[PDB]
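Since the structure comes first, as structure tokens, the remarks are kept for the end.
Note that we place each Cβ from the backbone using ideal geometry, even for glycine, and neighbour counts take in every protein chain shown. Each reported figure results from applying straightforward, stated rules to the coordinates on display, with no laboratory input.
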There are 2 protein chains.
Amino acid sequence: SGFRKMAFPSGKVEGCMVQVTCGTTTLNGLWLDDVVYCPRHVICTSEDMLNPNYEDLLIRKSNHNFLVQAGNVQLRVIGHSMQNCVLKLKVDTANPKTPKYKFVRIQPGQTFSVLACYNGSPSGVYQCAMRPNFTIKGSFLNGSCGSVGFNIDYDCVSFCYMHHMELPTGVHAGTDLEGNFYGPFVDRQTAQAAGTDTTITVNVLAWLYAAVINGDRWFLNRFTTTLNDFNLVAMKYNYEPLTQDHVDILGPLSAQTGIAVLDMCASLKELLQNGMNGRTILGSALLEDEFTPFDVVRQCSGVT
Amino acid sequence: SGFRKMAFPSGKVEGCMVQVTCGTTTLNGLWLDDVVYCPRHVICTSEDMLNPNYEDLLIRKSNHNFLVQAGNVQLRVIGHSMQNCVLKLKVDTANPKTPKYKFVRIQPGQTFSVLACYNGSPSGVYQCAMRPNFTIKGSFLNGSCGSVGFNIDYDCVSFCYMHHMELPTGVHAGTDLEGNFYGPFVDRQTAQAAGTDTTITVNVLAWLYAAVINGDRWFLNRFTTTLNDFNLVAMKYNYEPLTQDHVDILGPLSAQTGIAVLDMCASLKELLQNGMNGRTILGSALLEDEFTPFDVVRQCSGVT
Ligand SMILES: *CC(=O)N(c1ccc(C)cc1)[C@@H]1C=CS(=O)(=O)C1
Ligand SMILES: *CC(=O)N(c1ccc(C)cc1)[C@@H]1C=CS(=O)(=O)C1
């Protein structure tokens with residue numbers, strides 16, 4: 001019993017973190033096989049960041065300008081290329097700690113673990129969601145760029161995020177491992193406002209199921225609703241609209257608890273309309289939206 | 001910017017987790033040098049748990065009854081001993097992944113990371129505090145016993161917790177790595193009620209500092225108070241009394257923010273007396289008490 005915001009074990013990714021230095025800019029890189037992945041803005045001074053031409057800036061760079069350090073040992077760079085907003089540094093040694101891994105571009109609502117690093121040394125791990133405005137609510141200080149987000153399925157690390165930018169509102173923007181930004185963000189020190197931070201409705205319902213499963217049941221009510229009725233309420237409270245796909249995805253938690261998804265929607269509706277009246281659910285005073293149905297099932301059935 | 005419930009990177013501890021099987025009971029063990037540490041109740045059937053005599057139960061056990069499996073490889077047990085409520089299994093091979101480590105018995109209010117394991121495989125990592133009633137609010141399913149809690153100082157893992165018991169109220173009890181329980185708990189399936197779950201006042205103030213540092217300042221007020229006055233309010237709301245030691249410990253956050261600890265106490269007092277009036281602090285609708293001053297300073301200054 002008990003329900004916790006839980007990150008994947010970070011070992012397999014700790015073994016991939018290196019320091020990348022170009023001139024006097026230092027940040028984190030990801031060493032997988034004989035390639036080191038890092039944000040392309042490693043080649044910028046903060047002067048450069050107001051309006052950089054990365055193609056022009058890169059022309060002044062050579063293999064030997066990219067200093068890569070795995071712990072204390074220096075890696076030899078035999079090639080560099082720009083892919084979208086990341087650099088790929090070909091090194092002459094395959095990382096012997098390379099896990100099985102994939103690159104995946106996640107959708108908003110999907111959750112992942114972040115290994116926050118400074119100078120290629122891991123400082124801590126925490127759980128995130130890709131927000132519906134394609135920001136993440138991270139914890140990232142100066143030098144944390146190149147820190148990566150990941151899921152682990154048994155032996156396989158799926159890398160979904162590389163950290164690039166803190167927006168002036170202290171939320172975070174970054175790329176998949178192909179260097180394509182999530183959302184409309186650019187690696188440029190400009191005006192970039194986040195859109196509406198909408199709540200991930202399907203994740204809140206998953207978390208309500210997690211609560212039922214763990215004893216917290218006070219918010220179960222006598223009522224039901226329809227997808228269309230629930231959605232009117234969702235709109236009013238800047239909740240993502242709930243689809244039949246969301247209902248389907250919640251089926252296993254439905255089945256296990258014996259609460260129809262549309263009954264749980266009616267419970268959520270009442271919570272949106274009445275607030276929690278000073279009570280808590282799984283030790284929280286608001287509605288948590290960064291547990292996926294998959295996260296709840298995993299944590300509620302002890303998957304490794 | 002941004003503030004997150006952050007666990008230590010779990011790699012160094014992932015490398016110490018093994019499966020311990022005695023008869024038909026399986027749980028997690030900690031492999032450090034040529035010793036495997038596990039809960040002594042590995043030798044019990046759940047029948048045994050109502051009123052076990054561990055000394056008598058152990059007499060029927062031999063080195064060869066303790067099956068230890070590190071991933072797929074079986075370790076050979078050349079010795080076993082009972083220390084308080086843990087077993088120490090002497091194996092014939094030192095763990096080549098042994099980090100630098102200490103055993104430390106933490107005090108209530110202190111926070112640590114838990115690597116939740118099943119069958120010696122890590123499932124996830126999360127942050128905890130030892131509560132003032134010597135419980136922790138974990139997330140632990142059947143087979144999670146022998147899971148350990150830890151802090152990391154640079155290269156050194158300080159192990160402070162081994163998971164033993166879920167109490168009937170779905171909170172968790174366990175031992176330091178010398179097998180001594182935190183609080184009055186016993187490895188026995190009996191009536192064991194938790195005491196008052198009091199809030200860790202010094203940790204809440206630390207978290208209020210973390211909030212100031214990160215932009216959330218709405219709860220700063222015009223008022224100050226005294227240790228004695230604040231403490232009257234603390235008593236009423238089941239907050240730990242605040243000592244001069246707590247004030248001293250908060251000095252660095254005081255200095256960095258320019259808010260006297262007694263001014264922040266007055267802010268907390270108003271929050272206790274008036275609630276948050278539907279507002280949030282660092283994305284939370286209640287007062288977080290499982291960040292230590294040391295945790296806030298660490299996360300706010302990018303320590304690795
Ligand atoms: C994002 C990041 O961590 N940094 C960074 C580097 C370069 C640019 C253009 C923006 C941001 C850190 C800033 C200075 S550093 O320590 O070299 C890395
Ligand atoms: C605590 C724990 O994880 N288990 C356990 C084992 C033995 C006793 C007496 C209590 C609790 C799990 C229960 C069954 S198991 O899978 O063998 C381990």
Any chance B:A191 is on the phi < 0 side of the Ramachandran plot and either in contact with a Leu (Cβ under 9 Å, 6 or more places away or on another chain) or within 13 Å of chain A (Cβ to nearest Cβ) (or both): no
Hey, does the range A:42-55 have a residue that's out of contact with any helix residue (DSSP H, G or I) (no Cβ under 7 Å at 6 or more places or on another chain) and more than 14 Å from ligand 1 (Cβ to nearest atom)? yes
Of residues in the range B:271-290 being out of contact with any strand residue (DSSP E or B) (no Cβ under 7 Å at 6 or more places or on another chain) and more than 19 Å from A:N277 (Cβ to Cβ), the one surrounded by the most Cβ atoms within 10 Å (Cβ to Cβ): B:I281
Entirely in the range A:1-120, the strands (runs of 3 or more DSSP E) that have 3 or more residues that are under 30 Å from A:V212 (Cβ atoms) and among the polar types (S, T, N, Q): none
Which of (1) without any contact (Cβ under 8 Å) to a residue 40 or more places away in the chain; (2) closer than 29 Å to B:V13 by Cα is the odd one out, the single condition A:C128 does not satisfy? (1)
Tally the residues that are more than 10 Å from ligand 2 (Cβ to nearest atom) and within 18 Å of B:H164 (Cβ to Cβ), restricting the search to the range B:51-67. 7
When both residues are 6+ apart or on different chains and their Cβ atoms are under 6 Å apart, which pairs have a first residue that lies in the range A:138-152 and is at the interface with another protein chain (Cβ under 7 Å from one of its Cβ atoms) and closer than 15 Å to A:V171 by Cα, and a second that is assigned to a loop (DSSP other than H, G, I, E, B) and more than 7 Å from ligand 1 (Cβ to nearest atom)? A:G138/B:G2; A:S139/B:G2; A:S139/B:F3; A:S139/B:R4; A:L141/B:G302
Residue that is surrounded by the most Cβ atoms within 10 Å (Cβ to Cβ) [pool: residues in the range B:162-186 that are within 14 Å of ligand 2 (Cβ to nearest atom) and under 12 Å from the mean Cα position of the chain (by Cα)]: B:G174
Any residue at all in the range B:68-84 that's within 16 Å of ligand 2 (Cβ to nearest atom), in contact with a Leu (Cβ under 9 Å, 6 or more places away or on another chain) and more than 24 Å from B:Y182 (Cα to Cα)? yes
Scan the range B:11-33 and tell me whether some residue there is away from ligand 2 (no atom under 16 Å from the Cβ), among the aromatic types (F, W, Y) and out of contact with any helix residue (DSSP H, G or I) (no Cβ under 8 Å at 6 or more places or on another chain). yes
Within the range B:45-70, the residues that are within 25 Å of the chain's Cα centre (by Cα) and over 20 Å from B:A116 (Cα atoms) are B:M49
List the number of the failed condition for A:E166; all other conditions in (1) within 16 Å of ligand 1 (Cβ to nearest atom); (2) in contact with a helix residue (DSSP H, G or I) (Cβ under 6 Å, 6 or more places away or on another chain); (3) of a type outside the set (S, T, Y); (4) without any contact (Cβ under 8 Å) to a residue 60 or more places away in the chain hold. (2)
Of the conditions (1) surrounded by fewer than 16 Cβ atoms within 10 Å (Cβ to Cβ); (2) within 16 Å of ligand 1 (Cβ to nearest atom), A:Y118 fails just one. Which one is it? (1)
